[PDB]
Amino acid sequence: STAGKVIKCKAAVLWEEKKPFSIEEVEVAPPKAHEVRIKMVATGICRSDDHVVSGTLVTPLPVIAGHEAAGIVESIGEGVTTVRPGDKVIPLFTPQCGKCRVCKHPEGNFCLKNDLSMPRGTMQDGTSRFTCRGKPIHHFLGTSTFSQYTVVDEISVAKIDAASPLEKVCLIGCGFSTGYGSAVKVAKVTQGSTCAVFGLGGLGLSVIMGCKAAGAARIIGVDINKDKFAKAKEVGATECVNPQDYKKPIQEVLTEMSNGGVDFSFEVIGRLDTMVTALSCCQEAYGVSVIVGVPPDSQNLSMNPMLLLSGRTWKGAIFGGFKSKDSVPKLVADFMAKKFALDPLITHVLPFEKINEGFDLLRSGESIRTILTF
């Protein structure tokens, strides 16, 4: 009863920074050519969504945020070939156009069609499909999953197993895949190695899962919230340290614990100081450090380049280095074949209408992932 028509539905609109989401009626236009309209089933609350509220991540407002989700195709636009109505899908916050220089490179995944580097808050054609109170509303990362219905470009959606449990596999749309791939694909953690993981939220626990899958012998979790240590050890950490417990800088502590530096370190918080600390605690001649966390907008870090001249490697990645449309369906299939677990990341399940309580749980330190159900 909705194909080709405007849909009126519920969404969580962010009208301005540092305010609660406003749960109210929006209008969702039908998909144009090469676009897909999706009925949302589940969406996770990721720290990157909170970064929009806090001003840490700048994107045009007002906006419908949300990017870690799964749903069912309601209708498709002219020329769509990769999904059909009724299909289960995961929106892709990093597109895979398949035709740019990055998509064609064996090691690149940050497709040049992304809306992250110079955010416009639109669809690929530069316009918006959302209206609220008569006003146009921006999209977020080409996904906008905090809504009962969204419209995405075809290059930003992947079809997944029809038997998938959507309230779990939405995490493959961001948190799991990003952390897991940061360990197994970006860092390329080796068997028998020592790893250090800064930040033990949903992303950091997924990094730990990847370090353990890669055969690391030691995995040191680092967090200022000791309530995060129990779950980190359940998913593979061999020990946890709270920097606030020590009188010396944690890079010195980790270098001593590791008899000279760790093999792999990961910054999974989003602080400039912990990015430099994580680089410093990896072994000076052969260590590798990977930045996953998102730093505050337009702020530079300061570091001594001798940390690199001795032999260290420093890198970062979006979405765990995974080519999004190729990888998301394979990752769902791996989950269905029991190759990794997602339940350890899920601490809370709430109806979508309680989105603000879900953010309060994240901000208070009490949750890993809250999954919102529509």
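The numbering used is simple: start at 1 and walk along the sequence shown.
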Of 295-303 and 143-151, the one with larger mean CA B-factor: 295-303
Higher-scoring stretch by recorded Cα B factor average, 58-66 or 305-313: 58-66
Out of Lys88, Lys228, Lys104, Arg218, residue topping the C-alpha B-factor column of the entry: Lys104
Largest Cα B-factor, entry values, listed residues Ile224, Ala278, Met118, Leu92: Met118
For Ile76, the third of its chain into which the C-alpha B factor falls: highest
For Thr194, the third of its chain into which the C-alpha B factor falls: lowest
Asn242, C-alpha B-factor rank within chain (lowest, middle or highest third): middle
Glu284 - which third its CA temperature factor falls in, relative to the rest of the chain: lowest
Third of the chain, ranked by Cα B-factor, where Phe266 sits: lowest
